[PDB]
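S.K.: Below is the file model_10.cif, which contains mmCIF, C-alpha atoms.
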```cif
data_coords
loop_
_atom_site.group_PDB
_atom_site.id
_atom_site.type_symbol
_atom_site.label_atom_id
_atom_site.label_comp_id
_atom_site.auth_asym_id
_atom_site.auth_seq_id
_atom_site.Cartn_x
_atom_site.Cartn_y
_atom_site.Cartn_z
ATOM 1 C CA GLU A 1 102.928 -29.741 0.171
ATOM 2 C CA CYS A 2 104.017 -29.701 3.849
ATOM 3 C CA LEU A 3 105.169 -27.375 6.667
ATOM 4 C CA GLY A 4 108.884 -26.680 7.313
ATOM 5 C CA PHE A 5 110.627 -27.235 10.682
ATOM 6 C CA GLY A 6 109.281 -25.050 13.533
ATOM 7 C CA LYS A 7 106.044 -24.297 11.581
ATOM 8 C CA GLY A 8 103.001 -24.275 13.919
ATOM 9 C CA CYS A 9 100.888 -27.401 13.212
ATOM 10 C CA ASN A 10 98.509 -29.878 14.924
ATOM 11 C CA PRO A 11 99.850 -32.833 16.947
ATOM 12 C CA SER A 12 96.816 -35.050 16.139
ATOM 13 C CA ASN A 13 96.911 -34.080 12.433
ATOM 14 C CA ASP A 14 100.642 -33.404 11.863
ATOM 15 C CA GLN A 15 101.366 -32.270 8.273
ATOM 16 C CA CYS A 16 105.104 -31.392 8.355
ATOM 17 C CA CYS A 17 107.556 -32.283 5.540
ATOM 18 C CA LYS A 18 108.348 -36.019 5.931
ATOM 19 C CA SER A 19 111.384 -35.601 3.594
ATOM 20 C CA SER A 20 113.395 -34.122 6.521
ATOM 21 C CA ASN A 21 111.778 -36.381 9.196
ATOM 22 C CA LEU A 22 109.680 -33.564 10.740
ATOM 23 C CA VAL A 23 106.884 -34.262 13.267
ATOM 24 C CA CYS A 24 104.394 -31.892 14.970
ATOM 25 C CA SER A 25 104.767 -31.344 18.749
ATOM 26 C CA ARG A 26 101.927 -31.106 21.317
ATOM 27 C CA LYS A 27 103.644 -28.740 23.823
ATOM 28 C CA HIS A 28 104.472 -25.869 21.421
ATOM 29 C CA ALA A 29 101.974 -26.958 18.686
ATOM 30 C CA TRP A 30 104.703 -26.591 16.002
ATOM 31 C CA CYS A 31 107.013 -28.781 13.861
ATOM 32 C CA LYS A 32 109.708 -30.322 16.107
ATOM 33 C CA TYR A 33 112.798 -32.238 14.885
ATOM 34 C CA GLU A 34 113.265 -35.792 16.243
ATOM 35 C CA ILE A 35 116.962 -36.486 17.065
#
```
Reformat the file's structure so that it appears as structure tokens.
M.R.:
Amino acid sequence: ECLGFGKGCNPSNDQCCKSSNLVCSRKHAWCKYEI
């Protein structure tokens, strides 16, 4: 029930897959990978 890495999402309401530590970015409005 989440978006994969690189999937376009919202920075304020990020809903990426937390299992792989994925967060939404505000510059490209997609799922970015931290580290």
S.K.: Got a sec: who's within 10 Å of residue 12 in chain A, counting all atoms listed in the file, leaving out chain neighbours fewer than 3 positions off, as a CSV table (one decimal) with C-alpha atoms, keeping the file's coordinate frame?
M.R.:
```csv
chain,number,residue,atom,x,y,z
A,9,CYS,CA,100.9,-27.4,13.2
A,15,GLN,CA,101.4,-32.3,8.3
A,24,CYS,CA,104.4,-31.9,15.0
A,25,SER,CA,104.8,-31.3,18.7
A,26,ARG,CA,101.9,-31.1,21.3
A,29,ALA,CA,102.0,-27.0,18.7
```
S.K.: Which residues fall under the PyMOL selection byres ((chain A and resi 22) around 8) in this file, as a PyMOL selection string?
M.R.: chain A and resi 4-5+16-21+23-24+31-34
S.K.: For range 25-33 of chain A, I'd like the enclosing box, axis-aligned and padded by 3 Å on every side, reported as lines of an AutoDock Vina configuration file with centre and edge lengths in Å to one decimal.
M.R.:
```
center_x = 107.4
center_y = -29.1
center_z = 18.8
size_x = 16.9
size_y = 12.4
size_z = 16.0
```
